[PDB]
Amino acid sequence: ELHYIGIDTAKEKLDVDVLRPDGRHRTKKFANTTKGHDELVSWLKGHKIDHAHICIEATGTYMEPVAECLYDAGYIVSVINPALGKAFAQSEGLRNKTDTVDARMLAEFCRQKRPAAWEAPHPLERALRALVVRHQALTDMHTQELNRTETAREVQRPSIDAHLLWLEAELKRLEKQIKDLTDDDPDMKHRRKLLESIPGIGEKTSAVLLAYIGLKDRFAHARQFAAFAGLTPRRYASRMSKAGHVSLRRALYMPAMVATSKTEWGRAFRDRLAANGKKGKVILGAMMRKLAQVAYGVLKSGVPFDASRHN
Amino acid sequence: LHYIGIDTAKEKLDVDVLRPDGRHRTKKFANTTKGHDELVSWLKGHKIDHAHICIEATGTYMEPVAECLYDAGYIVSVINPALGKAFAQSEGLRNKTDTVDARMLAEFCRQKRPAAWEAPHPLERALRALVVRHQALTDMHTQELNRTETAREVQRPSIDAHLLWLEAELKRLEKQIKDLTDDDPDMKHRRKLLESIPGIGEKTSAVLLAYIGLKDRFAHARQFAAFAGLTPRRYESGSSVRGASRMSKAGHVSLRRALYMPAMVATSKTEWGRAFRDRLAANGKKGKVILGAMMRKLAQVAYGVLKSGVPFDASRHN
Amino acid sequence: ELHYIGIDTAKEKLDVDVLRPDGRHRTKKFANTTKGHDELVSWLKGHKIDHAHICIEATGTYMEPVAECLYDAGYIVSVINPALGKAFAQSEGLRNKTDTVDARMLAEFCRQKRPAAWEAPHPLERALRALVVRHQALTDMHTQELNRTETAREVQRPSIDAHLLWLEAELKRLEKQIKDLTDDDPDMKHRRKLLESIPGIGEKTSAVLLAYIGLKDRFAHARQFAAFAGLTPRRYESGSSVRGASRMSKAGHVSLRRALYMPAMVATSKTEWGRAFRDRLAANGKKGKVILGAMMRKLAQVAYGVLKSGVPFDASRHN
Amino acid sequence: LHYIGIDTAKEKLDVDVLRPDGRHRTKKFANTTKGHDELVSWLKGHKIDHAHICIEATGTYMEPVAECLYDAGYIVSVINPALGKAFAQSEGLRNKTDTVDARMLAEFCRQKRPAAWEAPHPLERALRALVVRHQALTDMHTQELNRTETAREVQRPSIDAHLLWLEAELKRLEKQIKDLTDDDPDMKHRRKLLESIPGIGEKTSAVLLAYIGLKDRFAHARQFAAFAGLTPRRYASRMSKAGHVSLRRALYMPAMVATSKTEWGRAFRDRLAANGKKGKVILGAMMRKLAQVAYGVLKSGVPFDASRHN
RNA sequence: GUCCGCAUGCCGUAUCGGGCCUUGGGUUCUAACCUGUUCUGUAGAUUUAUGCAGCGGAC
RNA sequence: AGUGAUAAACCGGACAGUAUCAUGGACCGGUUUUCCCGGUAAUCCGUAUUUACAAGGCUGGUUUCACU
DNA sequence: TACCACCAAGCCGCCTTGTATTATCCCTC
DNA sequence: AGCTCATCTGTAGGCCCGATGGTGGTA
DNA sequence: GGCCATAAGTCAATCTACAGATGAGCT
DNA sequence: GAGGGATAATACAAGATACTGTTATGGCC
Ligand SMILES: [Mg+2]
Ligand SMILES: [Mg+2]
């Protein structure tokens, strides 16, 4: 008696498409609002829909409250990568894109593919991720202003200098904020301490890795976490896939340089690939993938980085 | 019910059966009359009576195996290869190969349960073949016409000779097409109906009939318009995304191209066509936009008139 | 007796190529430093090169000190748009060794084209431009943070709010520094006051316009200044067959072009002369942004015209 | 010396004179024998006897006026259109109109002083015309031959009929080309020299002889290879492709025949093969080589000597 | 008829952003091996088609 | 909300082509601090047809109307 | 005298399966 | 505890959204 | 009845010169 | 000695300029 529901989301309104077991549809649109979300649940309970599998695109801020609302109401929620949604529309040979079309498409996606259920993240996991990506935003702004000092006019330098001081101070207090968060929870404190034991990974990288791994082991294999960062190769003469979080992939590049240059186990890996005629950037690409796997490996193991296991 | 996918090449067929229990059977065959008879036997040898075959429309090399299995009594689906590629990308995010194998086609078949393909009538097949041939010679004739305008005098005898040959051959095919449609009572009747529409003549009636066929395969005339790839493609999301509607173009090019010059004639020289043009002109539509719209109109009316079984009644339109 | 010199510039190194009247070349490489600039001038006097025309390409701020050095040495200096150079290279042959432009190619550009002489801008013109460009940079940084408040998480919001306060204060401080600069000079004070008399141009736009028009009248016609902003249409016509619809050329200063867009909306919407303009083009069946595109050009020309006239904006001239 | 620029179209000419003083005179004309006589009279009516005209190679619409002015005694240059466009961009021109481009060609002429154009020999024009026609019919024959692969049975009679017609016509031109070259004693001798090269047959010799004239108009053989667009350039290096396409396309199959079935060709292949070079890359190189050797052999005036490539 | 002046007509779709999602493949089998070119930037340059219409001035 | 009808209305820029142009980098000699004159069928640099061609596949989004 | 919100909002379909050219050597009649 | 150095042809996909300035109108 | 002119026909600025990150080991 | 078949090569992709035809219908002979 499982219903299949699809929800296209916008800032202002939601479009809901219920696909019944019999095969008929029920469609209704709601305000993307706490009130509106309460109406949606009542409307589903209205038609005696208790068992259902809702499917939503991952479009960010505007779809998160309703996903949580329905999850709490006790329905199976799936939050799918939008690129899959696009490919699925093309596979269904659809000739229009509208909100009611999308909602209907998502209900079909849900039925045909039966996606894995979505788990709402832990409030600490959300907190840490928010701080980390904020820290990245400020770093980018600091780097922009540093570039400007190179070719600044003398009348502009007072302004740039002032801003650089502000940004430096802000980055410090936010680094402390991140440290306080991980220290307060005994699990995150332990896991972060493990991550830092890896030579090539320090205070900054550990916090980024921990923001995406979380405080649970959600991946079956370390290789999957490497794929999740978009670091595993793809035949397309193979290239780095880049199908994954950019925040992870940007965070591991300097760790990879420090590893292949300054560490024993890194230099070992660098030397071996260099023998096979691999280029510098190619080796860094490979080491980024390796750091990701070891990071997840070490946490799953639960014991500090053992060098014996490498080289 | 089994779900079977067939990957096809010139020489080899790759087959993948998906059993109700969830296990697979795989086997390769030669893409020949022998290997088709081997394929059917192999299926019966695993007591596979009911199956849904999914083949992708990859040239004409898949045509004889599809007919073989349709005659063997299986449900055959010949799918647009663009759907297959899209299906693979919907199954995974990074995936591998970015190619559609027999296994992927079996999974496509199982999930989507696509509409059953039907082998065309020999006359439908002949008419389509003649129309396609006619369009090829027209394009060659245009190539040679273009050459006359900048030809050197030593080239000109050769070009003129070829133009005469091409003109005579086009004349011969048109007659061959007319003899085809006149002989069958149904095609003779259906071609009259199409030609009753203002803006549709001998050339276009043959092209429309070549794609519509003897039977009424489309439930609605809108679907035939979509089949030609003439409908607008709406692109809307929330408040932010406003994509200006462009013509979809997701359909037969040979059918779409054949309706352009009729659309000009209709909008310029017929009452019902001018009426249509004038209305859209008032709503501030540009020239080719209106032609675009008229092309879709002609497709939709062409199918409509055939279903009605009655000559074009102008009172139905403004 | 005029020589033609091309200088290929890098951050660290200068590459010089003299083309002599007789046709032979003199090449010598220098450091891109105050020392190497005085070395360069001495090397030219070494080869008794008194009258020359020097052609440098506009590749950032690294080429600016050498251009001033040679200008002061008394030579004719031309600073060329690098796109011109690349096109010149392609005009010289169908299968050049490389597409890149070198000092030799710049010397040849100089000889054939005889390009317009470059003048080092007035220290005030420099200063005002610098402040205006800084102001746009902070505005963009402010816009990023203001976009972020839309989707921010609650833990992020203190950090964003703090930054928005800092950027607002800093923007206000620069606007004051710009006003102090134009008010101190009697010519800039007067010229700015004329610009702000145009309905649709206020404090911010007047500063940007001055930053590009400058102290003197360096354009001959108003259309040239409109072209300088990349606002003139781009007509593409040939014979009968080839006829592409006109677009905005966009071949000009982006900072100047971006400054005019919101003024154009204000003018076409809320002013008498602006609505008059909007209606005229609306009658001929023109779209919203197409009219705004047109009004941006109109504003640029009127801005230039008003300054030339030396009198406040008269609305009667536009009817 | 005046500098004149003519922008040509099917129907109209746009003429812009640039006087020594720097003043401009502009006038439009019809692209007809009448309008060409009007043009000369208008130039003579302003006492313009010594001038350098600069036209861009825009189809066969500019060929009549170029010959008219050449005969009138002026210096005519017919420039590669790509150079013209690059020159316009170097002048910073935003707009592109016929009046603008006529002025620009006068300025091109003033600054670049390009090489004078020479009207080709009538035999050279005839041979080029037939060879070009032959390539066209071959392409059409190939199209119909591809259709035979997947032709429905109702279509096959039509395709078979057309293939026979094209095959008959192709022979007729090959015969017409040979009757042309055999009549002229210079063409005949030059063609016999070209065929003496292992890898070059009847087809290729006609194409080469169409682009090389009756006379040796390239100072060096390198230049002829460049003229085909077969010399490399860095952007790793690759074939420039900046030269005659008809000439270039004619050399690919001879290059395969050379590097496979001839001593001097295999020798070349082997050397490069044993230097890490790929198959197509060697073909690319052999295409350039054949072009260079072809012009070399003609200039030497003696049959192909293999000892020179041993 | 020519040469100039135009804050004129005709021709014109600005510039920059923000957020979020991502659970490979092969192998000697998951912290091992094979396959692997991060992420984000910064500064500067741009002089009418006056082409055709108007309107005004000089000849 | 279901059923039935849709040749109506709103949302629409089709396809295919043609011709023409193209005087290397370098290396080796003369003069000569690089101009300019000679030489090259050798060696090094080279992924053709500046898009090579053929065939096949493609069952709208809404609105409106009738009845319950 | 200081604060508010409101003007403008685009565009060149996707896939899959195939093959030719010329000149010289080599085999068959 | 603070500073220096390792990597340099190039080649993810997608679904949502906002700001700019100046002026007439309002408080 | 045969032959012929005619209807429709948009494009997304170009270049050149540059830079930083983080973590571990050494002064 | 003529006449016909076989064969060599295969990540991708990177200038300009000027042009034309299709069909069906109402007018015009
Ligand atoms: Mg959506
Ligand atoms: Mg031209």
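Values reported hereafter were calculated over all heavy atoms of this structure, with side chains retained and with hydrogens, waters and symmetry mates removed. Chain letters run A, B, ... following the sequence lines, proteins first, then strands; residues in each count from 1.
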Could you pick out which residue, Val245(D) or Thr150(B), lies toward the 5' side of RNA chain F when each is mapped onto its nearest nucleotide?
-> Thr150(B)
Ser249(C): side chain to side chain contact (heavy atoms under 4.5 Å, CB included) partners, not counting sequence neighbours = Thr232(C), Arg234(C), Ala251(C), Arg94(D)
What are the bounds, 5' to 3', of the part of DNA chain G that sits under 4.0 Å from heavy atoms of chain C?
-> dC6(G) to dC11(G)
Any strand is fair game: report the nucleotide pairing with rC67(F) by Watson-Crick or G-U wobble, both distances under 3.5 Å, or none.
-> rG2(F)
List in chain and number order the residues that pass side chain to side chain contact (heavy atoms under 4.5 Å, CB included) with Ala82(B), two or more places apart in sequence or in another chain; answer none if no residue qualifies.
-> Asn80(B)
Go through the structure and list residues passing salt bridge (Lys or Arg N to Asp or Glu O under 4.0 Å) with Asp140(A), not counting sequence neighbours.
-> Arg250(A)
Residues forming a side chain to side chain contact (heavy atoms under 4.5 Å, CB included) with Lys280(D), sequence neighbours excluded | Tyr252(D)
Which residues pass the side chain to side chain donor-acceptor pair (under 3.5 Å) test with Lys204(A), sequence neighbours left out?
-> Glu175(A)
Determine whether the side chains of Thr58(D) and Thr8(D) contain a donor N or O and an acceptor N or O closer than 3.5 Å.
-> yes
Stacking of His25(C) on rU34(F) base (centres under 5.5 Å, planes under 30°) = no
Among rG56(F), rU18(F), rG17(E), the one nearest any side-chain atom of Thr60(B) is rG56(F)
State whether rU22(E) pairs with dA19(H), counting either Watson-Crick geometry (purine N1 to pyrimidine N3 plus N6-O4 or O6-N4) or a G-U wobble (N1-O2 and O6-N3), each distance below 3.5 Å.
-> no
Set of side chain to side chain donor-acceptor pair (under 3.5 Å) partners for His318(C), sequence neighbours left out | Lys298(C)
Base pairing of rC11(F) with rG29(F) (Watson-Crick or G-U, both distances under 3.5 Å) = no
Measure from the ring centre of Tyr253(A) to the centre of the six-membered ring in the base of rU38(E), then say whether that distance is under 5.5 Å and the planes meet at under 30°.
-> yes
Taking atom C1' in both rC53(F) and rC21(F), what distance in whole Å separates the two?
-> 25 Å
Is there a Watson-Crick or G-U wobble partner for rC35(F) with both distances under 3.5 Å, and if so, which one is it?
-> none
Return the set of residues passing side chain to side chain contact (heavy atoms under 4.5 Å, CB included) with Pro232(B) (not counting sequence neighbours), or none when no residue passes.
-> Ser245(B), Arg296(B)
Partner of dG10(H) by Watson-Crick or G-U wobble geometry, both contacts under 3.5 Å, or none?
-> none
Give a yes or no on whether a donor-acceptor pair under 3.5 Å exists between the nucleobase atoms of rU13(E), that is its base, and the side chain of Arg257(C).
-> no
Counting Watson-Crick and G-U wobble pairs whose two distances are both under 3.5 Å, find the runs of 3 or more in a row that involve DNA chain J.
-> F:14-21 with J:15-22, G:22-29 with J:1-8, I:1-7 with J:23-29
Establish whether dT21(G) and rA48(F) are paired, applying the Watson-Crick or G-U wobble definition with both distances under 3.5 Å.
-> yes
Looking at residues at least two apart in the chain, or sitting in another chain, which of them share a side chain to side chain donor-acceptor pair (under 3.5 Å) with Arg248(D)?
-> none
Anything under 3.5 Å between a protein N or O and an N or O of nucleotides 2-6 of chain I, put it in a table, one pair a line.
from, atom 1, to, atom 2, distance (Å)
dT6(I), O2, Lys269(B), NZ, 3.0

Taking only residues two or more places apart in sequence or in another chain, which ones pass side chain to side chain donor-acceptor pair (under 3.5 Å) with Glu149(D)?
-> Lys10(B), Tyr61(B)
Is there a Watson-Crick or G-U wobble pair formed by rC52(E) and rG9(E), both distances less than 3.5 Å?
-> yes
